[PDB]
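In what follows, chains are A, B, ... by sequence order, proteins preceding strands, each numbered from 1. Both counts, for ligands and for their atoms, begin at 1 and track the order of listing. Basis for what follows: all heavy atoms, side chains included, without hydrogens, waters or symmetry-related copies.
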Protein chains: 2
Amino acid sequence: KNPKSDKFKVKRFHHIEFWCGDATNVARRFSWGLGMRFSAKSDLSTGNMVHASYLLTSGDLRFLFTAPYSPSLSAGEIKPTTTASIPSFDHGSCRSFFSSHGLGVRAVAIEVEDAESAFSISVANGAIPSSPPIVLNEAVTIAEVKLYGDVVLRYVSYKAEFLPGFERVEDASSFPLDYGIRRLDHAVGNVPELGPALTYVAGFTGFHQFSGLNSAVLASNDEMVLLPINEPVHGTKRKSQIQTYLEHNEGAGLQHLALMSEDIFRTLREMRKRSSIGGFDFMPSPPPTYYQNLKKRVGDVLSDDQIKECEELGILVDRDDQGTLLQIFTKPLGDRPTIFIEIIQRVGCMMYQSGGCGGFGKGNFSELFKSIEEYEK
Amino acid sequence: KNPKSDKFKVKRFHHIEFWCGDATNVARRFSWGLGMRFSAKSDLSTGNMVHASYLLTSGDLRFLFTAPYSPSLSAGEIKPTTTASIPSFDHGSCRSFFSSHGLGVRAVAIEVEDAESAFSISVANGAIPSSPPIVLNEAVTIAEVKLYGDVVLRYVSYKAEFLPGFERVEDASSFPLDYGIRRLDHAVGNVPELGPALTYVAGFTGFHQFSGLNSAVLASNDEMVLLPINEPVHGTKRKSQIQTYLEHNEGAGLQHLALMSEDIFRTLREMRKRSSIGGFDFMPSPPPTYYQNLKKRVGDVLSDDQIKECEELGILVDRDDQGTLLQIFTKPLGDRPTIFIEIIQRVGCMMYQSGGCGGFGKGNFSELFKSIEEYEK
Ligand SMILES: CC(C)=CCN1C(=O)CSc2ccc(C(=O)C3=C(O)CCCC3=O)cc21
Ligand SMILES: CC(C)=CCN1C(=O)CSc2ccc(C(=O)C3=C(O)CCCC3=O)cc21
Ligand SMILES: [Co+2]
Ligand SMILES: [Co+2]
């Protein structure tokens with residue numbers, strides 16, 4: 001049952017904004033390691049005395065990296081006169097956020113028909129306001145509400161590139177890197193209690209519901225905005241990875257971004273080539289027993305040679321009644337064992353492909369326990 | 001005149017420690033962009049609950065990158081029980097430092113015969129103490145005094161790899177990157193007033209003295225520890241780049257690290273190939289007039305083909321009475337227009353090569369003004 005109960009018209013994931021200590025170095029690392037392109041900037045060179053913000057792009061995926069300058073550069077300004085390109089920015093909030101959680105996602109940003117209506121409707125249905133609707137250069141409206149922890153859901157709407165006050169970087173400083181990543185598939189939040197977190201977000205949005213954790217997934221009408229949310233399952237054998245997150249993150253926050261790749265084989269080859277020269281490390285591979293068993297589960301979908309490629313790259317494979325999902329997980333993206341990244345590609349549900357085709361991999365919890373189980377042998 | 005008036009036995013530059021928001025991402029960026037090797041770590045995986053520290057190595061050059069974890073991980077510890085591998089570390093100091101100056105150098109570290117004697121003698125000659133002498137695992141003594149701003153001069157001495165509590169990373173996570181950089185040549189500080197800064201550092205060390213600034217250089221007995229210090233020259237046409245530093249840095253701090261390369265041509269080729277894919281940008285090239293004139297200044301030293309290579313890479317060339325210096329400068333290393341890096345190679349003063357052979361490039365201020373001067377033409 002898809003009740004399509006959204007309370008305002010949501011379109012797509014628009015961007016993810018990281019709050020940094022130093023935006024430059026995270027942006028350069030992420031660019032090289034994910035093959036994302038340096039496409040826009042707002043900083044000193046464009047007259048922003050408040051924050052440094054650098055946008056990376058791959059396909060439809062937009063990663064924004066932001067850090068505060070010294071307040072002494074903008075102590076004279078007031079909000080009416082600000083040189084900030086992003087009006088919700090605040091030195092104190094950014095410094096507090098970062099020193100509390102370390103590097104991670106401040107904003108999950110979705111495009112909507114009308115940011116102002118979306119904010120108003122959201123607040124009227126219980127959303128905590130974070131930044132009111134502000135209109136940028138008669139062209140873009142942006143507003144923010146609290147999602148979970150210090151992560152805000154940012155609404156973005158356009159009259160008719162990224163934001164006013166941002167510049168395009170010309171092709172010379174912009175190396176056309178591309179490892180095949182094309183859009184944001186879903187963003188996952190870790191929370192102390194699932195129940196209330198769900199009730200809060202589905203309450204103001206209208207989104208419907210799509211070892212060591214329970215998890216539910218909230219989705220927009222066409223199910224292209226997918227927001228899973230985890231809670232820890234306490235008391236079990238191995239410590240819950242969700243609780244580990246909450247302890248190292250200092251509370252709730254975004255756990256991982258799933259990035260869709262048009263060719264997860266090329267993406268993972270390119271990313272793995274670069275792991276140890278500035279890129280991202282991947283999580284430990286599953287035992288070969290997992291790939292032996294892959295023929296039984298997915299034989300009618302991937303050839304032996306394709307499945308062979310999966311085991312070279314450590315790619316995981318799940319499937320449900322509608323479709324089949326390929327996935328792999330990076331090790332943490334920075335100092336703390338908190339936020340990480342998933343690479344996914346989905347096979348099926350063709351009509352365009354329906355969002356979430358094949359699920360999110362919960363079968364792979366089971367397939368991995370049993371995987372080692374025989375591997376031990 | 002070299003009075004060799006050091007007050008304690010100094011050996012070599014030992015390492016440079018960056019204080020980060022996120023040590024991982026700076027360390028990965030610096031590794032790829034400078035071709036430095038991931039050689040040691042102290043962090044959660046080695047039982048440090050206090051800070052994350054990652055050591056990069058190229059030749060004798062050691063870059064250390066450190067960031068604080070959440071205090072909630074070590075709130076139970078006290079200094080006697082600390083899991084920190086670096087005893088001078090302090091969450092509050094690191095967070096304060098970084099939120100004040102942004103990414104930059106916390107510690108210029110030199111090896112000495114006896115860190116404790118060096119600290120004691122230094123304090124008795126006016127040094128401000130920052131961290132007392134602490135002995136690590138009956139093997140290493142480390143102590144810190146204030147150098148300028150929030151930059152400390154760290155003394156390091158060994159009974160007989162980097163530090164106790166650090167692990168070597170095994171060759172698999174350690175890609176043997178190498179672009180030819182071999183040791184730290186000098187570290188330069190920007191200060192509001194040169195006079196008092198000089199008097200303070202030469203006072204406690206015994207080091208002797210070797211447009212828009214005045215600058216003097218302090219040096220150890222064998223002149224292998226070189227510590228230049230700049231002050232702004234106010235009132236001139238173009239704004240002083242030193243004052244710009246002080247305003248964006250929130251006061252005094254380290255301006256640049258000069259890294260000696262055994263083959264500055266290979267280094268700069270490798271670095272430039274990577275500028276726009278995660279590496280470092282370089283400062284604007286000088287006009288060809290500069291390279292036309294190079295034959296007149298340095299014709300008896302570099303061939304036409306070698307000089308040709310210089311103009312491909314934007315390498316600058318200076319020389320004094322003793323030797324000849326090749327140099328180039330990176331754009332800032334992070335968000336703020338503060339700290340940058342110089343690549344140098346020195347020709348001459350062979351006896352081993354004497355430190356500082358050929359100077360530091362002050363002639364190149366003159367050669368560049370006159371360079372454009374005709375270039376404009
Ligand atoms: C990297 C770490 C520490 C854990 C991640 N992880 C694995 O390591 C191997 S199995 C695995 C299977 C699925 C997922 C996943 O993406 C998902 C959730 O689990 C909740 C529902 C929504 C959702 O998106 C993550 C997995
Ligand atoms: C990148 C920026 C903004 C300025 C740097 N710079 C140039 O840009 C071109 S000329 C130039 C020549 C020499 C030096 C230098 O290294 C030096 C000092 O100046 C003081 C004495 C000690 C010392 O080490 C730096 C230069
Ligand atoms: Co997922
Ligand atoms: Co220099």
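Checking B/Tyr290 against B/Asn364 by side-chain atom types alone, a donor-acceptor pair falls below 3.5 Å. Residues A/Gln327 and A/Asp318 bring no donor and acceptor atom of their side chains to less than 3.5 Å of each other.
Separation of the A/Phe280 and A/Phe340 ring centroids does not fall under the 6.0 Å cut-off. Aromatic rings of B/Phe63 and B/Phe18 (six-membered ring for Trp) have centroids within the 6.0 Å cut-off, being under it. Annotation: B/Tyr200 is not in aromatic contact with B/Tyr148 [ring centroid separation under 6.0 Å not met].
Rounding to the nearest 0.5 angstrom, the gap separating the CG atom in A/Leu316 from the OG atom in A/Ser285 is 8.5 Å.
When heavy-atom distances to ligand 2 are checked against 4.0 Å, the residues falling inside are B/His186, B/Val188, B/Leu213, B/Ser215, B/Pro228, B/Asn230, B/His256, B/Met283, B/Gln327, B/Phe329, B/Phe340, B/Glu342, B/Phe360, B/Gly361, B/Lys362, B/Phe365, B/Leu368, ordered by chain and number.
A/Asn230 meets the side-chain hydrogen bond (donor to acceptor under 3.5 Å, both in side chains) test with A/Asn190, A/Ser215, A/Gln255; sequence neighbours excluded.
Within the structure, every pair that satisfies the side-chain hydrogen bond (donor to acceptor under 3.5 Å, both in side chains) test and touches residues 328-339 of chain B, not counting sequence neighbours, is listed here: A/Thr24-B/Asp335.
The cationic atom of B/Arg346 (NZ for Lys, CZ for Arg) lies less than 6.0 Å from the six-membered ring centre of B/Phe360 and within 45° of the ring axis.
Listed by chain and number, the protein N, O or S atoms at a distance under 2.8 Å from the Co ion (ligand 4) are B/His186 NE2, B/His256 NE2, B/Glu342 OE1.
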